[PDB]
Amino acid sequence: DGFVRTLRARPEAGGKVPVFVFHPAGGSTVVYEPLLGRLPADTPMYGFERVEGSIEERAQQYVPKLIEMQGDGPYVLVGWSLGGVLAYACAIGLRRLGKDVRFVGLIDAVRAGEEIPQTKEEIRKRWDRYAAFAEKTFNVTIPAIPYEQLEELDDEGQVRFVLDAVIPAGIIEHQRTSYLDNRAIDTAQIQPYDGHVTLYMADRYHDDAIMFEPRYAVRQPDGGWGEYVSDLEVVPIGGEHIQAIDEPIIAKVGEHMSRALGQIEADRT
Ligand SMILES: CNC(=O)c1c(-c2ccc(O)cc2)oc2ccc(O)c(CN3CCCCC3)c12
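The sequence shown maps to residues 1453 to 1618, 1625 to 1727 in the deposited numbering.
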């Protein structure tokens, strides 16, 4: 299927408006199966899996596919983790092309409480933190970090440089894509969007997330989306980021989202 996974196929003709879901960091759209079970019967669902590039470059790949599949609209775009940002970026692209986007659902796609700087000083502090965790984890001494060579490299190049030093192909492939998908969240440059966004908000990021990047230890009440989205609804769901996508918490998301879908179906009926 390329990068589109069919979770529930739309009928040959007619039917309900499909929900387009976007993969999480380091994972696939199979994670949306619990959600799908909490959505109305015969709600079609398609998942957009990983593609390469910056967020904008990824949306430039998704948007033509969205249009091929759904045309003028209506568009319902949903994502947890990185998927939320991808969904949001696609919403901007679709709106810019005159399409009708009716719903953007961010499932705990929460920004760091303080903006993560994209600076050399930050690149050094980041790699120093990693090196220190490796020292403790692997009972090793890491020599001086070749900062100068690292600083000049993008995220992709940084991991290749690192993967020269150090393994089964599946693990390198899984670690590489997880790291890069997570950095993609970190460095996302949010643009403003004038349509409705629903943010399902958990209480906090899980411990591993925070150990990796302590700025995710703090969340703003709007999840960092308020300056960019004037039409913003927050649906608190509690719990941690990791749990937001699974039962039982997904039942709450599903109930709320089902109501939104019902109104959309009513509005076209
Ligand atoms: C739990 N580890 C992670 O979350 C991160 C990984 C990673 C690497 C390998 C793997 O197998 C699984 C994950 O690489 C990252 C890079 C930057 C970063 O800021 C983070 C933190 N992350 C927290 C959620 C909001 C987005 C940022 C991570």
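The C-beta atom is built at its ideal place from N, Cα and C for all residues, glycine as well.
Contact annotation, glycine 1557 with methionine 1715: C-beta distance approximately 6 angstroms; criterion of less than 8 angstroms satisfied. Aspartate 1661 and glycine 1696 do touch by the CB rule: their CB atoms are close to 5 angstroms apart, below 8 angstroms. Residue range 1527-1532 is occupied by the beta strand (DSSP E) that includes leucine 1529. Leaving aside the five residues that flank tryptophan 1579 on each side, the residues in its chain whose CB is nearer than 7 angstroms to its CB run, in chain order, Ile1597 and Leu1602. Counting the other CB atoms within 10 Å of its CB gives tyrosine 1599 a total below 16, which places it among the exposed residues. For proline 1470, no alpha helix (DSSP H) segment is defined, and its DSSP state is neither H nor E. Taking 7 angstroms as the cut-off, the Cβ atoms of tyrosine 1658 and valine 1611 do not count as close.
Leaving aside the five residues that flank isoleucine 1707 on each side, the residues in its chain whose CB is nearer than 8 angstroms to its CB run, in chain order, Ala1660, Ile1695, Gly1696, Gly1697 and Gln1701.
With contacts defined by Cβ atoms closer than 7 angstroms, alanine 1511 and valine 1537 do not form a contacting pair.
Using a C-beta cut-off of 8 angstroms, the stretch 1475-1493 makes no contact with the stretch 1649-1657, since fewer than three inter-stretch Cβ pairs fall below that distance.
Rounded to whole angstroms, the Cβ separation of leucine 1534 and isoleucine 1630 is 20 angstroms, and the two are not in contact under 8 angstroms. The beta carbon of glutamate 1691 is closer than 8 angstroms to those of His1654, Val1655, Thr1656 and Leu1657 in its chain, skipping five residues each way along the sequence.
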